[PDB]
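A.B. asks: Pasting the sequence and an experimental structure:
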Amino acid sequence: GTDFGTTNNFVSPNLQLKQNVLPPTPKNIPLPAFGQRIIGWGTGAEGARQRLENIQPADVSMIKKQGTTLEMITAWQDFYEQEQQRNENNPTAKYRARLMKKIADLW
């Protein structure tokens, strides 16, 4: 496959000026394995609906065990919450972000 990132670079909350890039991911899996098999969120808006509106206290606790932190449930949230502004027509990001919010509420 071959990929890389910046898993040791952090800043203060003041980055209102970047280009189009995804947030980082844990050194266990890529994006198409950070959610489907983890967050139960399928891949197509509805997946994330099915595990958002009715989440459980277990569905949070598990994600840590797979190599994740509260740090991983802040930037994917705010990223998906950011794209809602530009394109309101995006239910996929809408449910994904909202899923993160609930997971962080149970942390």
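C.D. replies: That came through fine. Numbering: from 1, shown residues only.
A.B. asks: From here on, just use CA atoms for contacts and neighbour counts.
C.D. replies: Will do.
A.B. asks: outside of the helix or strand containing residue 49, which residues touch it?
C.D. replies: Here residue 49 sits within helix 46-50, counting by DSSP states H and E. By C-alpha atoms under 8 Å, 6 or more residues apart in numbering, the surrounding residues in contact with helix 46-50 are 40, 41, 42, 92, 95, 96, 99.
A.B. asks: Would you tell me what the next helix or strand after it is?
C.D. replies: Using DSSP H and E, the helix or strand that follows helix 46-50 in sequence is helix 57-65.
A.B. asks: Give the buried residues for that next one.
C.D. replies: By 16 or more other C-alpha atoms under 10 Å, the buried positions in helix 57-65 come out as 59, 60, 63.
A.B. asks: dump the residue contacts of residue 67.
C.D. replies: Contacts of residue 67 (C-alpha under 8 Å, 6+ apart): 26, 27, 28.
A.B. asks: still on that earlier bit, TSV for the buried residues of helix 57-65, including distance to residue 72?
C.D. replies: Converted to TSV, the buried residues of helix 57-65 look like this (distance: C-alpha to C-alpha, whole Å):
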residue	distance to residue 72
59	15
60	12
63	10
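A.B. asks: follow-up on the earlier one: save the contacts of helix 46-50 as TSV, and put in secondary structure and distance to residue 34 too.
C.D. replies: Output for the contacts of helix 46-50, formatted as TSV (DSSP: H, G, I helix; E, B strand; the rest coil; distance: C-alpha to C-alpha, whole Å):
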residue	secondary structure	distance to residue 34
40	coil	10
41	coil	10
42	coil	11
92	helix	15
95	helix	15
96	helix	12
99	helix	13
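A.B. asks: between those residues, which is nearest residue 6?
C.D. replies: residue 96 (22.8 Å; C-alpha to C-alpha).
A.B. asks: and the spatially most central residue of the chain, helix, strand or coil?
C.D. replies: The residue lying closest to the centre of the chain (C-alpha atoms, centre = their mean) is residue 76, at 3.5 Å. Three-state assignment for residue 76 (DSSP: H, G, I helix; E, B strand; the rest coil): helix.
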